[PDB]
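Take a look at this one chain, the form deposited in one PDB entry, written out in structure tokens.
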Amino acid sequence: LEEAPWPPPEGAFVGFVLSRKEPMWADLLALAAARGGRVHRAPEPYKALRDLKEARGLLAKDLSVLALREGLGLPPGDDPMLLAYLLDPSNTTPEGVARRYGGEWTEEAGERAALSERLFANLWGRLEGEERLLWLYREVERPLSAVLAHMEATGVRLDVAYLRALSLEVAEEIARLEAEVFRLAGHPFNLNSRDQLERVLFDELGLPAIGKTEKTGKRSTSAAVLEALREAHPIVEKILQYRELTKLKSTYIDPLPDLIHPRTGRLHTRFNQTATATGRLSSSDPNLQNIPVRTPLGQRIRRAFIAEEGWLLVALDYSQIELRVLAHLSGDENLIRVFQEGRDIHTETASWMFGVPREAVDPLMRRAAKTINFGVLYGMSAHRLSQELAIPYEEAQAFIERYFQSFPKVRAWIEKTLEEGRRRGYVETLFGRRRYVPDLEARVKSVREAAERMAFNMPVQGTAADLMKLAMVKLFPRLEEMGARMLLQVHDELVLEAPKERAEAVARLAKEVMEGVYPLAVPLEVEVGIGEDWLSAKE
């Protein structure tokens, strides 16, 4: 490409190099643009940012986030990563997409700009005739990248002093647990080392091994194994408690306070748009889609996520979302009827689990039923179900039989999905998002059946993802108009931040936008709460 002076003409593709992968923390080291067989290299990257009308190119969102950080309203536009990811969601990295579709991902901005241009041309041609993928790109993914950029640049407020205080308390409890474990073992060891623990449990204390690890065949010390050994030796419960506390401390309590951005005073995640096989987003650096909530200490951690003073958090979560999606995809009359009648399958399974009438099912019971319902749907064994519930194998087998007998078109939908997947090589969501699953044709049963479970999960999980993404795209401009902010997405949940006086109106509007995103054979229902912290906003 012929070198031409900065600035480039409009519509040019950008290339940029960051000192580190996270745009909220990166120094913009270089910036370039490419168009019309010219490459324009910026003498001074930061000032040159002010010349662009939009970020168009590989990882466009990341440059947009950095621009927003610097107070520039630079929206992301076309991005070849999004085209590639829609063609095949195994296309997750610029390194791989470049190799597959026409170049090499290097560490120079000019080359990245020229690459973005070249890859866009080739990938755009590959989507020709692919109207459903094209619709996903234009109506969902491309606009969503703009929304995600704003979310990343906005961040979420964290009560740092609270977490610092919590760390000191948890450390003291961890010490009590570890000391008791060493007392019971007869000697100290590194309790964080599963290899050392294996030797203590199975060689020294002579507890029965229960399961093996996947890749190396060691005797497993997983929580499931420890659960089954809970009554074999007093050390086991102590280990389980130690595991819970150290997991929460090392992953959330300690690292999060150190990630507050100096300028914004907030915590900023990255919403990765081309990272999953199903069409879900992911979140990283830090992952804010896995903040604890299911246990008491976990709930204490979630309380650290708070609204700006004078504002409130609004949390909205789709009800029974993958079951509703399954009703639509499978067309099962019974499943459809459940939702037309306003019933709750989580509550119903909890009723059976705890042997109480539906009226007596408390929120804790209902929530315990969730992993059971989705586990069973997506192929969990009777052995596992019986172990997890401490019921006879025969009763677990019966539950699984009844579950599918209750919704007889579900198995029919699964079989149709797998047959079509074997023939075409891919399965698809309601909107036509694809996932290639070649191992449906594997000659090894273990491999093939694992591939089958992946394959029939994808249309359900992926359709739910498509719906949430479309809802985000519809909702964002409404929030801007009301002076509210979109902060986080957690798969079927959004967390927003609204001025106190407007929080009620924002809640109502967001609920309606999400429920009406795309009418199905069953209604979509959204649960919405408002509060000063993330825990209180989900009730």
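A residue's number is simply how far along the shown sequence it sits, counting from 1.
Omitted here: the form deposited in another entry. The next part is about that form.
Of the listed residues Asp88, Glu452, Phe374, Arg478, only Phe374 lies at a hinge between rigid parts moving between this form and the one not shown; the rest are more than 12 positions from any hinge. In contrast to the form presented, in the other form the C-alpha positions of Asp332 and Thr349 draw closer by 3 Å or more. Legend note: Cα of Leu364 to Cα of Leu158 is at least 3 Å farther in the other form than in the depicted form.
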